[PDB]
Each structure stands twice: as structure tokens, then as C-alpha cells.
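First to last, the protein sequences are chains A and B. Take 1 as the starting number for the first sequence in the entry's author numbering and just add one per residue. Take 1 as the starting number for the second sequence in the entry's author numbering and just add one per residue. A virtual CB, placed ideally from N, CA and C, is assigned to each residue, including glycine. Some notes on the structure that comes next.
2 protein chains.
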Amino acid sequence: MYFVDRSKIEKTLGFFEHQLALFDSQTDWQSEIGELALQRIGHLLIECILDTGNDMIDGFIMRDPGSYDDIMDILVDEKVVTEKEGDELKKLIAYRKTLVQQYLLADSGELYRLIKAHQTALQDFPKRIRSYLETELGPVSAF
Amino acid sequence: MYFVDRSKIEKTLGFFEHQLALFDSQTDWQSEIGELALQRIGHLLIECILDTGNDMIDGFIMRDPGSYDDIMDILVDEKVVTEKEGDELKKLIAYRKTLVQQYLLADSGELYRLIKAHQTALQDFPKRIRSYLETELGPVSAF
């Protein structure tokens, strides 16, 4: 019934958690080098959420997203994450265009505050995904 | 005849030179934070080249690209950069997919080697662009 790219998802969740751990580390984000590292972390956190969300939606025959911005709303509808978690994650996702397209405008202090403000929802995201996977597919299989 | 986004190009070159100068520093790019910073730098350098390329092509009514490889090839065709500079920059641009899409596979050691190998072509890129702008538009005007 469901063909879920579980290897890809669980891979990307591990990667995500590593980057979050690094965010929670004792850096100097105010460095030059610190600013650049924080931009990469922000970009990676966002991409991992979007990619995982797409893989979830495709695998579990959820409503198709019109744009990457619709992904969280669908995960909320499907009770993958809470409404409040979804709204919080959306606020970080809204930074994507600045990071990838309007990069002259990227502001690492702003981005720090954004990630910090939603750190609990970020930490919980892999847990939500894994619980859903375990509930729907069991402990081992992608199908 | 030509309406070129010279202010966008010039500000983009400035930002590019700034990131390139951060690369040529005494920094440990192998640390967890350093690795992330270098990835951001690599991404930024690539995007600056492609965006400036696109702005040059649009402004000067050059051939419409159907590829990123095509952007550099068109700049070569139009005598903006040398054939060899074009080739060298395409080798860095070849890493974009890894940095932006297949980011689980990003290897900051591979990236360091890529940027180092083509450092001169990178340093000369803004010079090439400014020289073309000066010749075609004069020292002041965008049009």
C-alpha cells in the first residue's frame, strides 16, 4: 500500500539532528566564520524538513503540495506534527528565500533568533516523523 | 541599446570578493563549524557567478541559457572570460548540486580542493566582469 523512502528519511533525520546539535554548541556565531556556519545550518535544517515532508507526503499518498510552503500544512492536516509545531516550523521555512535566493540580505543574528525561538519544535520534528513511521510501517520496513 | 542591472552585478561582485577573501584566511575548515562555513562560502561563490552570468546575459541580450554550464559557455562565447577560465569555473559549478540538493553527500575536503584549484580563475572573475562593463557601458552608467 505505502512505499515510503524510509532509508532517505531516516538518513536525513540523523543529519538534521547533527546540525541541530551543532547549533546548540558553544560557538561564536558572531565571527565571520560563525555567521557563515550559522547560515549553512539554517539552510540545512530547512531543506531537511522540506525534503522529509515531501518524502512523507509522496510515500503516504497525502495531499500534493502546490509549493514547498504548503508542506507543513499538509503534515499538520495528517497529524504528523501539532498545529503549533507546524506554525513554528513555517516561520523558519520562510527564511529559505533569503538563504538561497536573496543571500546578499542574509542576517545571521536574525537567523540565530529565529532558530532559537523554535528550537523545541525543531528538536521534536525527528521524533514526530519517527513515531509516524513506526506507527504506520512498524519498526523495520519501508513498506 | 543595453539596459544592464549594473548595481546588482557590482554589489554581487563585492559580496563575492568578500567571501573569497574569507576563504583565503588562516582558518581550520575541517572543524565541525569550519566545514559548515566553507560549504556556505562554496554555495555563495557559485550563486554569485551564476547570478552575475544571468544578469550579464539578460542585460547584453546574449544567448538564452538552458543550463548552468550554458551560462559559462555563453560568457566564453561572448568573450567575457577566457575559454580556460570558463572551464575552471564550470568545475566549481559542478559541485552546486551536491551543496544545494544532495547535501548529505557534501564533503568539505572535496570543496576546499575544488576552490583552491581554481582560486585564480575565481579571483579574476570580477575583474573580467568589470572590464566588460567598462568597455561596453563606460565608467558610470548602467545603460
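How long is the line joining the alpha carbons of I46 of chain B and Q102 of chain A, rounded to whole angstroms?
As a working note, residue 46 of chain B is residue 46 in the second sequence. As a working note, residue 102 of chain A is residue 102 in the first sequence. Roughly 14 angstroms separates the two Cα atoms.
Helix, strand or coil: how does DSSP classify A142 of chain A here?
Within the first sequence, numbered from 1, the residue matching residue 142 of chain A stands at position 142. Looking at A142 of chain A - three-state DSSP - the assignment turns out to be coil, as it is neither helix nor strand.
DSSP on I93 of chain B, reduced to helix/strand/coil?
On the second sequence, residue 93 of chain B is found 93 positions in, with the first residue counted as 1. In this structure, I93 of chain B counts as helix in the three-state DSSP scheme.
Under three-state DSSP, which class holds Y2 of chain B?
Along the second sequence, read from residue 1 onward, the residue named residue 2 of chain B stands at position 2. Looking at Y2 of chain B - three-state DSSP - the assignment turns out to be coil, as it is neither helix nor strand.
Would you kindly check if the distance between the Cβ of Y95 of chain A and the Cβ of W29 of chain A is under 8 angstroms?
Residue mapping note: residue 29 of chain A aligns to position 29 of the first sequence, counting from 1. Residue mapping note: residue 95 of chain A aligns to position 95 of the first sequence, counting from 1. Between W29 of chain A and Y95 of chain A, the CB-CB gap reaches or exceeds 8 angstroms.
Indicate whether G59 of chain A and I71 of chain A have their beta-carbon atoms separated by less than 8 angstroms.
The residue given as residue 59 of chain A occupies position 59 in the first sequence. The residue given as residue 71 of chain A occupies position 71 in the first sequence. No, the Cβ-Cβ distance between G59 of chain A and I71 of chain A is not below 8 angstroms.
Taking Cβ to Cβ, would you say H118 of chain A is nearer than 8 angstroms to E88 of chain A?
Within the first sequence, the letter at position 118 stands for residue 118 of chain A. Within the first sequence, the letter at position 88 stands for residue 88 of chain A. The answer is yes: Cβ separation under 8 angstroms.
Check whether the Cβ atoms of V76 of chain B and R128 of chain B sit closer than 8 angstroms, and answer yes or no.
The count along the second sequence starts at 1 and reaches residue 76 of chain B at position 76. The count along the second sequence starts at 1 and reaches residue 128 of chain B at position 128. No, the pair does not count as a contact, with Cβ atoms beyond the cut-off.
Under three-state DSSP, which class holds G66 of chain A?
As a working note, residue 66 of chain A is residue 66 in the first sequence. Reduced to three states, the DSSP call for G66 of chain A is coil.
Three-state secondary structure (DSSP) at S131 of chain B?
Residue mapping note: residue 131 of chain B aligns to position 131 of the second sequence, counting from 1. Reduced to three states, the DSSP call for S131 of chain B is helix.
Quick test of your reading: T12 of chain A and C48 of chain A, contact by CB under 8 angstroms. State the CB separation rounded to the nearest angstrom.
Taking the first sequence and counting its residues from 1, the one referred to as residue 12 of chain A is at position 12. Taking the first sequence and counting its residues from 1, the one referred to as residue 48 of chain A is at position 48. Right, their Cβ atoms sit about 5 angstroms apart.
Throw me the rounded Cβ distance for the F23 of chain A and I115 of chain A pair, which I believe falls under 8 angstroms.
Working through the first sequence from its first residue, we reach residue 23 of chain A at position 23. Working through the first sequence from its first residue, we reach residue 115 of chain A at position 115. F23 of chain A to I115 of chain A, Cβ: 6 angstroms. Contact.
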